[PDB]
Amino acid sequence: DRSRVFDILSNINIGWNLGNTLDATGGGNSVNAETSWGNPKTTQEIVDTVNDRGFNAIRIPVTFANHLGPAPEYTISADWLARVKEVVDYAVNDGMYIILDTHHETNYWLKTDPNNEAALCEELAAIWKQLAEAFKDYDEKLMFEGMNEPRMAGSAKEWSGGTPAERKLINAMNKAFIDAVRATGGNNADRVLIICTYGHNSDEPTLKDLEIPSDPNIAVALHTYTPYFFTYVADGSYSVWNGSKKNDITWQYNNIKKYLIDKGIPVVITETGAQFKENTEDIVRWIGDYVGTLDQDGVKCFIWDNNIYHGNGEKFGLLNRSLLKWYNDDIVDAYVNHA
Ligand SMILES: OC[C@H]1O[C@@H](O)[C@H](O)[C@@H](O)[C@@H]1O[C@@H]1O[C@H](CO)[C@@H](O[C@@H]2O[C@H](CO[C@H]3OC[C@@H](O)[C@H](O)[C@H]3O)[C@@H](O)[C@H](O)[C@H]2O)[C@H](O)[C@H]1O
Ligand SMILES: [Mg+2]
């Protein structure tokens with residue numbers, strides 16, 4: 001009976017990621033990492049605005065690597081740990097549902113070499129013991145997501161769910177994450193903990209290999225920017241959404257229903273979105289199809305927002321953070337009013 005997790009999630013309208021922020025990797029071992037990818041320092045106002053528009057859930061991606069002391073303790077620099085807490089507290093201040101993750105650890109130590117399972121597990125666990133100790137007293141609105149797209153960057157199957165050995169490794173790491181949090185007690189005893197597949201991929205072979213913890217307070221996270229060629233810019237990509245590629249969304253979702261939802265396993269899409277390609281009307285329709293699909297079974301999603309819209313780079317930006325104005329109200333409206 002995993003119903004407690006379902007109840008908790010049902011409280012979310014739709015979520016929002018604080019992209020390219022605490023996840024950013026410049027600035028070395030300092031709080032300036034937050035601004036190293038060109039975003040402004042996150043404020044209470046920014047989070048209020050997100051929550052006010054109707055994203056009552058927020059994902060705070062964070063990359064810890066440069067802020068860790070040497071192994072085996074991997075002590076999180078106190079300055080970084082406290083700023084992370086300040087950002088989570090912005091959301092706590094507004095009664096929001098929250099996901100804290102580890103993020104681009106994949107650039108550093110989180111390289112999915114099955115031969116190196118213990119070292120990987122131990123580091124994940126050492127980080128999450130400290131994070132869990134820091135957020136012990138936070139209520140059940142705050143959730144943890146153990147890893148972000150854990151994979152072997154540069155590998156042939158980096159973005160297609162990796163290899164079998166790799167996926168066994170992901171099970172080991174998911175277990176280590178859960179074990180290390182639960183062992184800290186307090187509100188972490190029953191905190192929703194969000195595990196993931198290899199790369200957060202949702203292809204049948206990836207899901208088929210996913211071990212499901214018997215811990216009843218978990219959810220499974222996936223990323224689906226589906227279809228890739230609509231949402232991303234690339235050779236073969238398109239900007240028109242007429243419905244003809246909805247089967248791509250549908251088909252993938254049937255796998256998630258088969259392996260997760262229909263077995264009573266909570267699922268969350270902790271990232272999705274569509275890069276802006278001067279095509280408001282199409283995104284709006286894609287949203288109807290994409291999110292409407294998720295809505296059939298009460299599945300929630302969090303939208304990736306890197307605050308990039310006019311500039312160059314992947315144009316997932318929605319909230320203009322400096323102006324506290326949305327870059328595109330029509331796209332936003334479709335997301336917040338999806339129900
Ligand atoms: O299904 C479309 C598939 O068709 C091929 O013919 C095509 O060439 C191929 O590119 C495409 O698969 C995508 O490949 C991209 C790189 O070529 C991947 O880009 C990455 O997407 C990431 C998101 O990752 C997760 O969600 C989507 C899911 O597809 C993936 O497996 C997950 O791990 C981004 O974070 C990253 O920036 C980007 O490079 C893309 O993910 C593949 O779908
Ligand atoms: Mg308790």
Side-chain angles (χ1 to χ4, degrees), residues 4-5 8 17 19-20 23-25 37 59 61 63 101-107 110 112 132 135-143 145 147-163 166-167 170 181-193 195-210 215-217 220-234 236-238 245-253 255-256 267-275 286 290 294 301-306 308 312-317:
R4 179 170 175 266
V5 175
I8 291 159
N17 277 271
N20 276 12
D23 48 316
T25 67
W37 283 355
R59 187 158 177 272
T63 309
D101 81 7
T102 77
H103 207 75
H104 291 303
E105 313 310 333
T106 38
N107 291 6
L110 216 174
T112 41
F135 296 102
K136 210 202 248 236
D137 289 332
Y138 291 54
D139 73 21
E140 78 294 338
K141 283 177 148 164
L142 173 62
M143 309 192 270
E145 183 175 5
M147 304 178 277
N148 182 76
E149 305 178 352
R151 67 196 191 280
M152 181 58 78
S155 74
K157 295 185 91 304
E158 175 173 6
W159 303 118
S160 68
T163 71
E166 278 175 302
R167 297 191 279 265
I170 293 313
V181 171
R182 289 306 181 220
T184 62
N187 288 334
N188 308 318
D190 55 0
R191 190 175 309 293
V192 179
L193 304 185
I195 58 166
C196 67
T197 51
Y198 183 104
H200 274 67
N201 174 267
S202 77
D203 301 342
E204 168 159 43
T206 321
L207 289 158
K208 168 158 166 147
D209 289 8
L210 184 60
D215 177 314
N217 286 294
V220 177
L222 296 172
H223 298 169
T224 44
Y225 284 85
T226 308
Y228 177 70
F229 281 128
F230 180 65
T231 54
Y232 279 71
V233 167
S237 70
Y238 50 90
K245 284 261 132 288
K246 180 181 216 221
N247 52 347
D248 288 25
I249 298 175
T250 294
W251 164 85
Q252 180 169 261
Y253 186 73
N255 282 309
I256 293 168
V267 187
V268 191
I269 307 315
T270 58
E271 298 178 16
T272 183
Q275 296 186 28
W286 169 80
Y290 179 75
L294 293 191
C301 67
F302 289 63
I303 302 313
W304 183 256
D305 186 336
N306 52 4
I308 292 179
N312 287 318
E314 312 178 335
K315 289 173 160 45
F316 285 120

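FYI, side chains are in, hydrogens and waters are out, and symmetry mates aren't considered; it's all heavy atoms of this structure. Whatever order the structure lists them in is the order used to number ligands and atoms, beginning at 1. One is the number of the first residue; the rest follow in order along the sequence.
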For ligand 1, which part of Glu149 has a heavy atom less than 4.0 Å away: the side chain, the backbone, both, or neither? side chain
What orientation do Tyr225 and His223 show, parallel under 30°, tilted 30 to 60°, or perpendicular over 60°? perpendicular
Apply the side chain to side chain contact (heavy atoms under 4.5 Å, CB included) test between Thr112 and each candidate in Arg167, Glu166, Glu158, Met147; give the one that qualifies. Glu166
Within the 4.0 Å heavy-atom shell around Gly199, which atoms of ligand 1 are there? 25 (C), 32 (C), 33 (O)
Applying ring pair (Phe, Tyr, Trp, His ring centres under 6.0 Å), can you list everything that pairs with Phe135, at least two apart in sequence or on another chain? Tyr138
Among the heavy atoms of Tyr232, does any lie under 4.0 Å from an atom of ligand 1? yes
Using a plain distance cutoff, I'd like to know if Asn201 has any nitrogen or oxygen under 3.5 Å from a nitrogen or oxygen of ligand 1. yes
Report the C-alpha distance between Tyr238 and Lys245 in whole Å, list the side-chain angles of each, state the deciding distance to 0.1 Å, and finish with yes or no for side-chain contact (heavy atoms from CB on, under 4.5 Å). CA-CA 11 Å; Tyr238 50 90; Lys245 284 261 132 288; 3.4 Å; yes
Decide whether an N or O pair under 3.5 Å exists between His223 and ligand 1. yes
Give me the one residue out of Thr272, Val268, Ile269 that meets side chain to side chain contact (heavy atoms under 4.5 Å, CB included) with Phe302. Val268
Ring centres under 6.0 angstrom apart (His200, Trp304): no
Contact (N/O only, under 3.5 Å) between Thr224 and ligand 1: no
Out of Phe229, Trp304, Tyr228, who gets a non-hydrogen atom closest to atom 8 (O) of ligand 1? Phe229
